[PDB]
Trainee: 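Following this message is one structure expressed as structure tokens.
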Amino acid sequence: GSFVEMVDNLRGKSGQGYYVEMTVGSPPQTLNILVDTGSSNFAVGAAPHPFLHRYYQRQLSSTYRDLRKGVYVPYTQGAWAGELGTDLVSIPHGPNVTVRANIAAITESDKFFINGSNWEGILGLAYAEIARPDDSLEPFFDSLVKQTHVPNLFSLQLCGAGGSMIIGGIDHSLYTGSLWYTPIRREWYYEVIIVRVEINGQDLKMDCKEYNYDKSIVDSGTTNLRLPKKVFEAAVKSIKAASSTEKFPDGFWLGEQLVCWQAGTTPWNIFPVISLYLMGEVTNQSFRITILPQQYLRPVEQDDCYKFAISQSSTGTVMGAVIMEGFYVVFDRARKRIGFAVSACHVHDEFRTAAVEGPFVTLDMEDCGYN
Ligand SMILES: C[C@@H](NC(=O)c1cc(OCC(=O)NCCCCCN)cc(OS(=O)(=O)Cc2ccccc2)c1)c1ccc(F)cc1
């Protein structure tokens, strides 16, 4: 395909975050940057840190421009403090352009960087509304689109146990079947609306407003499929019931205890598939994405240990890596929609595969959103 050079430009397959190489400053300073659709700030470690192998050295960049303003960004897991500036930025295995972007030099941090993760910064791909200090600090992708010809669209193929980030388009070799789109409800986080949830085909039977209580987002920076407390509780009960041929401790379901199997003997078959129906592009029409235990049971560095990766949240549903690793996801910003298609690299077995199917009839989907 025409976008071949961007294929396989991500790393972090069996790791702690998917990252892409980004070259900043002049002379060139390339760093590993976490791909995060759950935030909107581009920031890079700029001082030595125990978990960082390399960092941004502003004094060595002749093109660096100090903005003379501090910036602080808290996340679900950790936070960092830094200094704002702008510099030249290019993505070697991404678009063939170079833009001057806002860059936050991370000088201090608390539980942000992850030991052994190999990434030294973060690329917040969400919208300006949630950028810090405020929405006036233009995010990287916004700069890319405004300064260049690059189409306002990117797509992610996260390959778990690194993947491809196609910028400006789509590569058809990354998925099979059809692409199904759900509207981006509002441009801040990549917010979507979930209208129905099934465990092995069985409806969880909860008011859809509960599935999006507060909000539902697609976030490549979050490991798990996080669900509102009420939904999490009902989901776990149903999953346990469907996998009753085997019993596991309560801690396993809370992500506190790991369960290991002899190398290559994990009974994937005893666990149910999980389906999330998303609002479609046509009135009263929806489609569903289905993941396998290979997606929600994550390996932990002759024993194969796994952690149940569906957890609870008090800030809404978060469709993280657990969801994204089963699909090729198209962030069509230009048409305010997110597309899903079965990923050509998703992990499965000879009996089941992840799926994206439709259409389905779902009424009153507009009422599912939180106001
Ligand atoms: C990068 C990594 N992300 C995480 O481990 C990560 C990020 C989160 O919130 C967003 C956030 O903090 N974004 C800010 C950027 C990340 C900062 C991390 N301190 C929440 C989160 O919590 S969780 O519900 O998934 C349970 C959990 C906790 C710790 C480790 C694994 C799983 C885990 C990640 C690992 C694997 C992936 F496939 C994708 C992402």
Side-chain angles (χ1 to χ4, degrees), residues 1-3 6-7 9-10 18 20 35-40 91 94-95 97 123-131 138-158 163-195 212 215-221 276-283 285-289 317-321 323-346 354-359 365 369:
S2 67
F3 287 91
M6 298 193 208
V7 170
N9 61 1
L10 299 183
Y18 295 87
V20 64
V35 175
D36 182 27
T37 63
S39 69
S40 314
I91 305 172
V97 303
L123 177 61
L125 293 160
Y127 305 90
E129 176 165 46
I130 58 178
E138 180 174 273
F140 181 78
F141 211 80
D142 287 64
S143 296
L144 179 64
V145 172
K146 288 128 208 60
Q147 287 175 45
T148 77
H149 69 285
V150 184
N152 190 20
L153 174 163
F154 66 92
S155 49
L156 293 170
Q157 186 202 46
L158 306 185
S164 304
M165 173 172 64
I166 308 305
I167 299 176
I170 293 169
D171 184 281
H172 303 301
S173 74
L174 303 179
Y175 69 96
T176 63
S178 311
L179 266 167
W180 286 87
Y181 296 86
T182 192
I184 289 178
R185 194 193 183 207
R186 206 232 296 180
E187 302 159 305
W188 54 320
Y189 283 100
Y190 283 104
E191 186 186 5
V192 298
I193 288 176
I194 298 169
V195 303
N212 312 288
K215 69 177 180 299
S216 290
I217 68 177
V218 182
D219 178 16
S220 65
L276 303 187
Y277 285 64
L278 304 175
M279 172 186 288
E281 296 196 280
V282 172
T283 304
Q285 168 267 313
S286 62
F287 66 93
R288 69 189 187 196
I289 59 178
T317 293
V318 181
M319 295 163 70
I323 282 293
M324 294 182 78
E325 289 180 0
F327 320 98
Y328 175 46
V329 184
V330 182
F331 292 81
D332 193 342
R333 294 154 58 103
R335 295 181 61 166
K336 195 171 183 179
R337 59 177 191 174
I338 297 182
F340 290 81
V342 177
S343 174
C345 70
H346 85 278
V356 181
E357 309 171 74
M365 295 187 288

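Numbering starts at 1 and runs along the sequence shown. No hydrogens, no waters, no symmetry mates; every other heavy atom, side chains included, goes into these values.
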Trainee: Which atom names give the shortest non-hydrogen contact between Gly169 and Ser155, and what distance separates them?
Mentor: O-OG, 3.0 Å
Trainee: Is there a donor-acceptor contact under 3.5 Å from the side chain of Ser220 to the main chain of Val35?
Mentor: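 Here the side-chain-to-backbone pair exists.
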Trainee: Hey, what do you get for CD1 (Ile167) to CG (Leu156), rounding to the nearest 0.5 Å?
Mentor: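 Reported to 0.5 Å precision, the distance equals 8.5 Å.
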Trainee: Can you check side-chain contact (heavy atoms from CB on, under 4.5 Å) on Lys215 and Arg186, steps first, answer last?
Mentor: CA-CA 10 Å; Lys215 69 177 180 299; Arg186 206 232 296 180; over 6 Å; no
Trainee: Measure the CD1-CD1 distance between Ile217 and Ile130 for me, rounded to the nearest 0.5 Å.
Mentor: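 It is 7.5 Å, given to the nearest 0.5 Å.
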Trainee: Please report the C-alpha distance between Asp142 and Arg333 in whole Å, then the side-chain angles of each, then the deciding distance to 0.1 Å, and finally whether the side-chain contact (heavy atoms from CB on, under 4.5 Å) criterion is met.
Mentor: CA-CA 10 Å; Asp142 287 64; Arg333 294 154 58 103; 3.2 Å; yes
Trainee: Any non-hydrogen side-chain atom of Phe141 less than 4.5 Å from a side-chain atom of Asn152?
Mentor: yes
Trainee: Looking only at non-hydrogen atoms, find the nearest pair between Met165 and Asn9 and report the distance.
Mentor: N-OD1, 2.8 Å
Trainee: Before giving the answer on side-chain contact (heavy atoms from CB on, under 4.5 Å), spell out for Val192 and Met319 the whole-Å C-alpha distance, their side-chain angles and the decisive distance to 0.1 Å.
Mentor: CA-CA 10 Å; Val192 298; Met319 295 163 70; 3.9 Å; yes
Trainee: Would you name the heavy atoms of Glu129 and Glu187 that are closest together and state the gap between them?
Mentor: OE1-O, 3.7 Å
Trainee: Return yes if some donor-acceptor pair links the side-chain N/O of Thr37 with the main-chain N/O of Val218 below 3.5 Å, else return no.
Mentor: yes
Trainee: Roughly how far apart are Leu174 CG and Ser343 OG, rounded to 0.5 Å?
Mentor: 7.5 Å
Trainee: Let me confirm one number: the CD-OG distance from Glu138 to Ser40, rounded to the nearest 0.5 Å.
Mentor: 12.0 Å
Trainee: In this structure, which one of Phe140, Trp188, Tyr189, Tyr190 forms a ring pair (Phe, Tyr, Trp, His ring centres under 6.0 Å) with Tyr127?
Mentor: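 Considering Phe140, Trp188, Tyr189, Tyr190, a ring pair (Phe, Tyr, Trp, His ring centres under 6.0 Å) with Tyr127 is found only for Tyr190.
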Trainee: Under 3.5 Å, is there a donor-acceptor pair between the side chain of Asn212 and the main chain of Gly369?
Mentor: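 Checked: no pair found.
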Trainee: If every non-hydrogen atom of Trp180 is compared with every non-hydrogen atom of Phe287, which pair is closest and at what distance?
Mentor: CB-CD1, 3.5 Å
Trainee: Do the rings of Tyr175 and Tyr328 sit parallel, tilted or perpendicular, given the 30° and 60° boundaries?
Mentor: parallel
Trainee: Could you check if a side-chain atom of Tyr18 sits within less than 4.5 angstrom of a side-chain atom of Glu325, using non-hydrogen atoms only?
Mentor: yes
Trainee: Report yes if the side chains of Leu144 and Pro95 come closer than 4.5 Å at any heavy-atom pair, otherwise no.
Mentor: yes
Trainee: Where do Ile194 and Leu278 land on the side-chain contact (heavy atoms from CB on, under 4.5 Å) test, with the steps shown first?
Mentor: CA-CA 5 Å; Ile194 298 169; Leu278 304 175; 3.7 Å; yes
Trainee: When you compare the side chain of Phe340 with that of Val329, does any pair of heavy atoms fall below 4.5 Å?
Mentor: yes
Trainee: If you take all heavy atoms of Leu179 and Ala341, which pair is closest and at what distance?
Mentor: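 Looking at all heavy atoms of both residues, the shortest contact is CD2-CB, 3.4 Å.
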Trainee: For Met279, does its backbone N or O pair with a side-chain atom of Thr182 as donor and acceptor, under 3.5 Å?
Mentor: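 Yes; at least one donor-acceptor contact below 3.5 Å.
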Trainee: Tell me, do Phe327 and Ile289 make a side-chain contact under 4.5 Å, heavy atoms counted?
Mentor: yes
Trainee: Any idea which heavy atoms bring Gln157 and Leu10 closest together, and the distance?
Mentor: O-CD1, 4.3 Å
Trainee: Rounded to the nearest 0.5 Å, what separates atom CG in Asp219 from atom CG in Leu125?
Mentor: 10.5 Å
